[PDB]
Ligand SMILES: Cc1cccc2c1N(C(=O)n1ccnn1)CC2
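The chain below stands alone, shown as structure tokens; this is the form deposited without this ligand.
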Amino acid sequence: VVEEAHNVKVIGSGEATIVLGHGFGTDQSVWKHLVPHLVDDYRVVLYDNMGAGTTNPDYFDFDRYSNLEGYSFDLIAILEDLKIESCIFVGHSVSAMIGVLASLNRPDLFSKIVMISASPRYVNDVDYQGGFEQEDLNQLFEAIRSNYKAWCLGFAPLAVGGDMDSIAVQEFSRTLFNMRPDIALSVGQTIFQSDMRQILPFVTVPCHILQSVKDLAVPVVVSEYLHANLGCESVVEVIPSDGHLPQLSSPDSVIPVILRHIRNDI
């Protein structure tokens, strides 16, 4: 039931397990360039977030997913269903915070978290640069509500970065448009208005903080904030790449960095 609902894939065998969680607007396909490099050394677990366009909209519980905790409960549920005692969790964008939240409730289930395009807060305040002013998010939400198709086409090149006519830009606008308009809007508001800064000192699981040097949703200062405030042992690596989904758009420069962080401990 959980396997089906979240399009769970298990590739490989053995104790050494790796779980990949995707960000907003995409699905497990964001991991296509990474997965080939993991299958020989790990049992690889892929799953889709409830609300992804690949999931049944009838299962999207608005109250359950009003806080990022709903997604954390789902992750723990997938780990328990698969009888996973321990894993390396790689979290892209929102999944990095979902992984961190899951590690608070279940530190036993994670030996390390590798974050990609992570942020605990997108909204700026006079002493915190998250990358977005509330007035701009208000305009972003109204554009999602006004015409979802036109928003997807406009937003995908900006979020992916690089050339506007690339395969990755085309892939992302398709996965964004796969979302049901009302779920996409509700999830967008939930993530963009989230605040995970207060939970950072309480993390015990080692964190590897990776991001593109140019990321529409993640200023470089966010990786330093996470590194300074996470209570766990952490390491930062700012990649010379452009884009929020760099594992998909710039694999040649991003995949080697991710592998180093998965393969080597702090």
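Only residues modelled in both forms are compared. Under this definition, the rigid core comprises the largest set of C-alpha atoms superposing within 1.5 Å between the forms. The numbering used is simple: start at 1 and walk along the sequence shown.
- Averaged over Cα atoms, the B-factor as recorded in the entry is higher for 156-164 than for the other of 177-185 and 156-164.
- Comparing 56-64 with 214-222, the stretch with the higher mean C-alpha B-factor in the PDB entry is 56-64.
- Of the candidates 194, 111, 134, 72, it is 134 whose Cα B-factor is highest according to the PDB record.
- Based on the entry's C-alpha B-factors, the most elevated value among 76, 100, 118, 144 belongs to 144.
- In the deposited entry, the Cα temperature factor of residue 8 sits in the bottom third of values across the chain's modelled residues.
- In this PDB entry, residue 199 carries a Cα temperature factor that places it within the middle third of its chain's modelled residues.
- Sorting the modelled residues of the chain by their CA temperature factor places residue 107 in the highest third.
- Among all modelled residues in its chain, residue 149 ranks in the middle third by Cα B-factor.
- In this PDB entry, the Cα temperature factor of residue 18 sits in the middle third of its chain's modelled residues.
The same protein also has a form solved in complex with this ligand, omitted here; what follows describes it.
- Only one of 215-223, 39-47, 57-65, 197-205 places residue heavy atoms within 4.5 angstroms of this ligand in the bound PDB entry, namely 215-223.
- Highlighted residues 18, 78 and 110: none comes within 4.5 Å of this ligand in the bound PDB entry, counting any heavy atom.
- Of the residues 169, 88, 84, 191, just one reaches this ligand in the bound PDB entry with a heavy atom at 4.5 Å or closer; this is 191.
- When contacts are judged by a 4.5 Å heavy atom cut-off, residue 93 counts as touching this ligand in the bound PDB entry.
- In the bound PDB entry, residue 143 stays away from this ligand, with no heavy atom inside 4.5 Å.
- At a distance threshold of 4.5 angstroms between non-hydrogen atoms, residue 159 is in contact with this ligand in the bound PDB entry.
- Considering only residues present in both forms and aligning them on the rigid core, one finds just one run of three or more residues with C-alpha shifts of 2 angstroms or more between the shown form and the other one, namely 12-15.
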